[PDB]
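Enquirer: Dropping in final-v7.csv, with CSV, C-alpha atoms.
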chain,number,residue,atom,x,y,z
A,380,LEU,CA,8.3,-2.2,-24.9
A,381,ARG,CA,6.6,1.2,-24.4
A,382,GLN,CA,5.0,0.9,-27.8
A,383,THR,CA,3.6,-2.6,-27.0
A,384,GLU,CA,2.4,-1.3,-23.6
A,385,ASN,CA,0.6,1.4,-25.5
A,386,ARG,CA,-0.9,-1.2,-27.8
A,387,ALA,CA,-2.2,-3.2,-24.8
A,388,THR,CA,-3.5,-0.1,-23.2
A,389,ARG,CA,-5.4,0.7,-26.5
A,390,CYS,CA,-6.8,-2.9,-26.5
A,391,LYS,CA,-8.2,-2.6,-23.0
A,392,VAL,CA,-9.4,1.0,-23.7
A,393,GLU,CA,-11.5,-0.4,-26.6
A,394,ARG,CA,-12.7,-3.3,-24.5
A,395,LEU,CA,-13.9,-1.0,-21.7
A,396,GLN,CA,-15.4,1.5,-24.2
A,397,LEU,CA,-17.5,-1.3,-25.7
A,398,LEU,CA,-18.5,-2.5,-22.2
A,399,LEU,CA,-19.5,1.1,-21.2
A,400,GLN,CA,-21.5,1.5,-24.4
A,401,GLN,CA,-23.3,-1.7,-23.6
A,402,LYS,CA,-23.9,-0.7,-20.0
A,403,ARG,CA,-25.3,2.7,-21.0
A,404,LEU,CA,-27.5,1.1,-23.7
A,405,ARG,CA,-28.9,-1.3,-21.0
A,406,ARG,CA,-29.4,1.6,-18.6
A,407,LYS,CA,-31.3,3.8,-21.1
A,408,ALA,CA,-33.4,0.8,-22.1
A,409,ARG,CA,-35.2,0.9,-18.8
A,410,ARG,CA,-34.6,4.5,-17.9
B,391,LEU,CA,-8.6,22.1,-23.5
B,392,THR,CA,-11.6,20.2,-24.9
B,393,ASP,CA,-11.4,22.1,-28.1
B,394,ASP,CA,-7.7,21.6,-28.5
B,395,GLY,CA,-5.9,20.5,-25.4
B,396,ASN,CA,-2.9,18.9,-27.1
B,397,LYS,CA,-1.3,22.2,-27.9
B,398,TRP,CA,-2.1,23.4,-24.3
B,399,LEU,CA,-0.4,20.4,-22.8
B,400,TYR,CA,2.7,20.8,-25.1
B,401,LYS,CA,3.1,24.5,-24.3
B,402,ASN,CA,2.9,23.4,-20.7
B,403,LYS,CA,6.4,22.2,-19.8
B,404,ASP,CA,8.4,20.5,-17.0
B,405,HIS,CA,6.1,18.7,-14.5
B,406,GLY,CA,3.1,20.8,-15.5
B,407,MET,CA,1.7,18.4,-18.0
B,408,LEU,CA,0.6,16.0,-15.2
B,409,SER,CA,-1.8,18.5,-13.7
B,410,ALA,CA,-2.6,20.1,-17.1
B,411,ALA,CA,-3.9,16.7,-18.3
B,412,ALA,CA,-5.6,15.9,-14.9
B,413,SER,CA,-7.6,19.1,-15.5
B,414,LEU,CA,-9.2,17.2,-18.3
B,415,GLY,CA,-10.6,14.6,-15.9
B,416,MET,CA,-11.6,17.4,-13.5
B,417,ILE,CA,-13.6,18.9,-16.3
B,418,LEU,CA,-15.0,15.6,-17.3
B,419,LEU,CA,-15.8,14.6,-13.8
B,420,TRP,CA,-18.4,11.9,-13.2
B,421,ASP,CA,-18.6,11.3,-17.0
B,422,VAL,CA,-16.8,8.0,-17.7
B,423,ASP,CA,-17.6,7.9,-21.4
B,424,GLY,CA,-16.6,11.5,-22.1
B,425,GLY,CA,-13.5,11.3,-20.0
B,426,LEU,CA,-12.4,8.2,-21.9
B,427,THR,CA,-13.2,9.7,-25.3
B,428,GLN,CA,-11.3,13.0,-24.6
B,429,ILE,CA,-8.4,11.3,-22.8
B,430,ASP,CA,-7.6,8.4,-25.1
B,431,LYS,CA,-5.8,10.6,-27.6
B,432,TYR,CA,-3.5,12.1,-25.0
B,433,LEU,CA,-3.1,8.7,-23.3
B,434,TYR,CA,-0.3,7.9,-25.7
B,435,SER,CA,2.5,10.4,-25.7
B,436,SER,CA,6.3,10.0,-25.9
B,437,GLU,CA,6.6,11.7,-22.5
B,438,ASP,CA,5.4,9.7,-19.5
B,439,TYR,CA,4.3,13.0,-18.0
B,440,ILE,CA,1.2,13.2,-20.3
B,441,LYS,CA,0.5,9.5,-19.7
B,442,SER,CA,0.5,9.9,-15.9
B,443,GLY,CA,-1.6,13.0,-16.2
B,444,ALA,CA,-4.1,11.1,-18.3
B,445,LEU,CA,-4.2,8.3,-15.7
B,446,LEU,CA,-5.0,11.0,-13.1
B,447,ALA,CA,-7.7,12.4,-15.4
B,448,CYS,CA,-9.3,8.9,-15.6
B,449,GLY,CA,-9.1,8.4,-11.9
B,450,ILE,CA,-10.7,11.8,-11.3
B,451,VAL,CA,-13.4,11.0,-13.8
B,452,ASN,CA,-14.2,7.7,-12.0
B,453,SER,CA,-14.1,9.4,-8.6
B,454,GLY,CA,-17.5,10.2,-7.2
B,455,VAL,CA,-19.5,7.5,-9.1
B,456,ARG,CA,-19.7,3.9,-7.8
B,457,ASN,CA,-20.1,2.1,-11.0
B,458,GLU,CA,-20.0,-1.7,-10.6
B,459,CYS,CA,-17.8,-1.9,-13.6
B,460,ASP,CA,-14.2,-0.8,-12.9
B,461,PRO,CA,-12.6,0.7,-16.0
B,462,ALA,CA,-10.5,2.8,-13.7
B,463,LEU,CA,-9.4,-0.4,-11.8
B,464,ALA,CA,-8.4,-2.2,-15.0
B,465,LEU,CA,-6.6,0.8,-16.7
B,466,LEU,CA,-4.8,1.9,-13.5
B,467,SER,CA,-3.8,-1.5,-12.1
B,468,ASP,CA,-2.3,-2.0,-15.6
B,469,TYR,CA,0.1,0.8,-14.6
B,470,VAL,CA,0.3,0.5,-10.8
B,471,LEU,CA,3.6,-1.3,-11.4
B,472,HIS,CA,6.5,1.2,-11.4
B,473,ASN,CA,7.3,0.1,-15.0
B,474,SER,CA,11.0,0.6,-14.3
B,475,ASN,CA,10.5,4.2,-13.1
B,476,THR,CA,9.0,6.1,-10.2
B,477,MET,CA,6.5,8.0,-12.3
B,478,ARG,CA,3.5,6.0,-11.0
B,479,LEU,CA,2.4,8.5,-8.4
B,480,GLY,CA,-0.3,9.6,-10.9
B,481,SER,CA,-1.7,6.1,-11.2
B,482,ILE,CA,-1.6,5.5,-7.4
B,483,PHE,CA,-3.3,8.8,-6.6
B,484,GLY,CA,-5.9,8.3,-9.3
B,485,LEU,CA,-6.8,4.9,-8.0
B,486,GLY,CA,-7.1,6.2,-4.5
B,487,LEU,CA,-9.3,9.2,-5.3
B,488,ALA,CA,-11.4,7.1,-7.7
B,489,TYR,CA,-12.2,4.4,-5.1
B,490,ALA,CA,-12.2,6.5,-2.0
B,491,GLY,CA,-15.2,4.9,-0.4
B,492,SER,CA,-15.1,1.6,-2.1
B,493,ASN,CA,-12.9,-0.1,0.5
B,494,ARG,CA,-12.4,-3.0,-2.0
B,495,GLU,CA,-9.8,-5.5,-0.8
B,496,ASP,CA,-8.9,-5.9,-4.5
B,497,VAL,CA,-7.6,-2.3,-4.6
B,498,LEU,CA,-6.1,-2.6,-1.1
B,499,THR,CA,-4.1,-5.6,-2.1
B,500,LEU,CA,-3.1,-4.0,-5.4
B,501,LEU,CA,-1.8,-0.9,-3.6
B,502,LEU,CA,-0.1,-2.3,-0.5
B,503,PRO,CA,2.5,-4.5,-2.3
B,504,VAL,CA,3.8,-1.7,-4.6
B,505,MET,CA,4.0,0.5,-1.5
B,506,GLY,CA,7.1,-1.3,-0.3
B,507,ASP,CA,9.2,-2.9,-3.1
B,508,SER,CA,12.7,-1.5,-2.5
B,509,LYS,CA,12.0,0.8,-5.5
B,510,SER,CA,9.1,2.9,-4.2
B,511,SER,CA,10.8,6.2,-3.3
B,512,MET,CA,9.3,8.2,-0.5
B,513,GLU,CA,7.2,10.1,-3.1
B,514,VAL,CA,5.5,6.9,-4.2
B,515,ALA,CA,5.3,5.6,-0.7
B,516,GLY,CA,3.5,8.7,0.5
B,517,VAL,CA,1.2,8.8,-2.5
B,518,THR,CA,0.2,5.2,-1.9
B,519,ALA,CA,-0.2,5.7,1.8
Can you give me the file's structure in the form of C-alpha coordinates?
Expert:
Amino acid sequence: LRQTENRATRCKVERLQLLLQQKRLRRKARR
Amino acid sequence: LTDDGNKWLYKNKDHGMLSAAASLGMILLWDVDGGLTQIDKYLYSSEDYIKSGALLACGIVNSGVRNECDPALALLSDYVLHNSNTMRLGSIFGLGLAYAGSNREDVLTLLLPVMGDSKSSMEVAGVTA
(Lines of atoms letter the chains of each structure in order from A and count residues from 1; the text may use other names and numbers.)
(Lines give C-alpha, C1' and ligand atoms only; values in the text may rest on other atoms or scores of the structure.)
Protein backbone atom coordinates (compact mmCIF):
# COMPACT_ATOMS: atom_id res chain seq x y z
CA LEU A 1 0.00 0.00 0.00
CA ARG A 2 2.57 2.56 1.12
CA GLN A 3 5.13 1.00 -1.23
CA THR A 4 2.80 1.24 -4.24
CA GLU A 5 1.94 4.80 -3.22
CA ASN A 6 5.68 5.51 -3.28
CA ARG A 7 5.89 3.88 -6.72
CA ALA A 8 3.10 6.11 -8.04
CA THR A 9 4.77 9.15 -6.47
CA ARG A 10 8.00 8.18 -8.24
CA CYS A 11 6.15 7.83 -11.54
CA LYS A 12 4.63 11.31 -11.26
CA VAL A 13 7.98 12.69 -10.07
CA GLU A 14 9.62 11.38 -13.24
CA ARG A 15 6.75 12.76 -15.33
CA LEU A 16 7.02 16.25 -13.84
CA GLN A 17 10.83 16.16 -14.02
CA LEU A 18 10.65 15.46 -17.75
CA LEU A 19 8.02 18.19 -18.16
CA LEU A 20 10.19 20.69 -16.28
CA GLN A 21 13.24 19.77 -18.36
CA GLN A 22 11.22 20.34 -21.54
CA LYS A 23 9.90 23.64 -20.18
CA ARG A 24 13.35 24.96 -19.30
CA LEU A 25 14.77 23.83 -22.65
CA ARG A 26 11.99 25.76 -24.38
CA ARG A 27 12.59 28.81 -22.18
CA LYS A 28 16.35 28.84 -22.76
CA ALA A 29 15.75 28.38 -26.50
CA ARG A 30 14.35 31.92 -26.74
CA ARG A 31 16.13 33.42 -23.71
CA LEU B 1 21.98 19.42 4.28
CA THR B 2 22.66 19.59 0.54
CA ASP B 3 25.97 17.76 1.00
CA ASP B 4 24.45 15.00 3.16
CA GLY B 5 21.05 15.82 4.63
CA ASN B 6 19.91 12.24 5.18
CA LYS B 7 22.10 11.80 8.27
CA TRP B 8 21.00 15.24 9.48
CA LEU B 9 17.33 14.29 9.18
CA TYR B 10 17.89 10.96 10.93
CA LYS B 11 19.83 12.50 13.82
CA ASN B 12 16.83 14.79 14.05
CA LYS B 13 14.14 12.94 15.99
CA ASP B 14 10.50 13.15 17.10
CA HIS B 15 8.55 15.74 15.04
CA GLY B 16 11.71 17.62 14.06
CA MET B 17 12.17 15.84 10.74
CA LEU B 18 9.19 17.72 9.26
CA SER B 19 10.84 21.13 9.60
CA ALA B 20 14.34 19.72 9.07
CA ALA B 21 13.28 18.55 5.61
CA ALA B 22 11.22 21.66 4.88
CA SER B 23 14.47 23.54 5.43
CA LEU B 24 15.63 21.83 2.23
CA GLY B 25 12.87 23.57 0.28
CA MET B 26 13.56 26.82 2.10
CA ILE B 27 17.16 26.56 0.88
CA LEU B 28 16.02 25.55 -2.63
CA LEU B 29 13.44 28.32 -2.74
CA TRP B 30 12.22 29.38 -6.22
CA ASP B 31 14.26 26.53 -7.79
CA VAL B 32 11.76 23.86 -8.85
CA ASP B 33 14.31 21.64 -10.60
CA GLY B 34 16.88 21.76 -7.80
CA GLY B 35 14.25 21.28 -5.12
CA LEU B 36 12.87 18.22 -6.88
CA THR B 37 16.33 16.76 -7.48
CA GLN B 38 17.44 17.19 -3.86
CA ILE B 39 14.09 16.17 -2.34
CA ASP B 40 13.26 13.05 -4.37
CA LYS B 41 15.71 10.89 -2.41
CA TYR B 42 14.18 11.88 0.94
CA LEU B 43 10.63 11.76 -0.45
CA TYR B 44 10.58 7.99 0.23
CA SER B 45 11.28 7.18 3.88
CA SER B 46 9.70 4.63 6.20
CA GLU B 47 8.61 7.40 8.58
CA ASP B 48 5.85 9.65 7.25
CA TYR B 49 7.56 12.53 9.08
CA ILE B 50 10.22 12.77 6.38
CA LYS B 51 7.64 12.40 3.60
CA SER B 52 5.51 15.24 4.97
CA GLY B 53 8.61 17.39 5.48
CA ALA B 54 9.52 16.74 1.85
CA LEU B 55 6.03 17.77 0.78
CA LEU B 56 6.51 21.01 2.72
CA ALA B 57 9.89 21.46 1.03
CA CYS B 58 8.31 21.11 -2.42
CA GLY B 59 5.52 23.51 -1.47
CA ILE B 60 8.04 26.08 -0.28
CA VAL B 61 10.06 25.63 -3.47
CA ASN B 62 6.97 26.28 -5.59
CA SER B 63 6.00 29.26 -3.42
CA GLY B 64 6.92 32.62 -4.92
CA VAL B 65 6.97 31.53 -8.59
CA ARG B 66 3.78 31.45 -10.67
CA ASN B 67 4.74 28.74 -13.13
CA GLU B 68 1.84 27.76 -15.37
CA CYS B 69 2.82 24.13 -14.82
CA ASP B 70 1.76 22.84 -11.40
CA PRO B 71 4.14 20.11 -10.22
CA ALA B 72 3.28 21.20 -6.69
CA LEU B 73 -0.42 20.84 -7.47
CA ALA B 74 -0.01 17.32 -8.82
CA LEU B 75 2.40 16.04 -6.16
CA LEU B 76 0.51 17.58 -3.25
CA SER B 77 -3.05 16.85 -4.34
CA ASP B 78 -1.78 13.27 -4.59
CA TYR B 79 -1.43 13.43 -0.78
CA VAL B 80 -4.09 15.98 0.24
CA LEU B 81 -6.16 12.95 1.25
CA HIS B 82 -5.49 12.01 4.86
CA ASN B 83 -4.29 8.57 3.70
CA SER B 84 -5.77 6.97 6.84
CA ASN B 85 -3.84 9.35 9.12
CA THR B 86 -3.86 13.00 10.14
CA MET B 87 -0.27 13.63 9.00
CA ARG B 88 -1.33 15.67 5.96
CA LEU B 89 -0.83 19.05 7.65
CA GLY B 90 2.41 19.26 5.71
CA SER B 91 0.70 18.71 2.37
CA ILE B 92 -2.03 21.24 3.14
CA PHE B 93 0.34 23.95 4.36
CA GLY B 94 2.65 23.36 1.41
CA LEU B 95 -0.19 23.72 -1.08
CA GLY B 96 -1.37 26.91 0.59
CA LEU B 97 2.00 28.63 0.78
CA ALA B 98 2.82 27.47 -2.76
CA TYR B 99 -0.35 28.91 -4.32
CA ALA B 100 -0.87 31.90 -2.00
CA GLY B 101 -1.82 34.39 -4.70
CA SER B 102 -3.05 31.92 -7.31
CA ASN B 103 -6.67 31.88 -6.09
CA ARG B 104 -7.31 28.88 -8.35
CA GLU B 105 -10.73 27.34 -7.84
CA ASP B 106 -8.99 24.02 -8.47
CA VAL B 107 -6.95 24.28 -5.27
CA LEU B 108 -9.88 25.84 -3.41
CA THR B 109 -12.09 22.86 -4.27
CA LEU B 110 -9.25 20.44 -3.48
CA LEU B 111 -8.77 21.96 -0.02
CA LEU B 112 -12.31 22.72 1.15
CA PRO B 113 -13.64 19.11 1.07
CA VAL B 114 -10.76 17.60 3.07
CA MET B 115 -11.22 20.44 5.56
CA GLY B 116 -14.36 18.78 6.91
CA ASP B 117 -14.53 15.00 6.55
CA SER B 118 -15.20 13.72 10.10
CA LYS B 119 -11.51 12.75 10.25
CA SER B 120 -9.80 16.16 9.90
CA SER B 121 -8.78 16.81 13.49
CA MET B 122 -8.59 20.43 14.60
CA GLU B 123 -4.92 20.48 13.60
CA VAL B 124 -5.75 19.62 9.98
CA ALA B 125 -8.79 21.90 10.05
CA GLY B 126 -6.74 24.90 11.15
CA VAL B 127 -3.95 24.17 8.68
CA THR B 128 -6.39 23.96 5.77
CA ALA B 129 -8.28 27.04 6.99
Enquirer: Please tell me which residues are no farther than 12 Å from (-14.6, -2.6, -20.4) in the file, counting only C-alpha atoms, and write them as a VMD selection string.
Expert: (chain A and resid 388 to 403) or (chain B and resid 422 to 423 426 457 to 465)
Enquirer: Quick one: residues within 12 Å of residue 515 in chain B, all atoms listed in the file counted, chain neighbours fewer than 2 positions away excluded, as a ChimeraX atom specification?
Expert: /B:472,476-479,482-483,501-513,517-519
Enquirer: What does the distance between CA of residue 396 in chain B and CA of residue 450 in chain B come to in Å, to one decimal place?
Expert: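 Taking CA of residue 396 in chain B as the start and CA of residue 450 in chain B as the end point, the length is 19.0 Å.
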Enquirer: CA of residue 411 in chain B to CA of residue 443 in chain B: how many Å, to one decimal?
Expert: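 Computing the Euclidean distance for CA of residue 411 in chain B and CA of residue 443 in chain B yields 4.8 Å.
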Enquirer: Please compute the CA of residue 481 in chain B-CA of residue 442 in chain B distance, one decimal, in Å.
Expert: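 CA of residue 442 in chain B lies 6.4 Å from CA of residue 481 in chain B.
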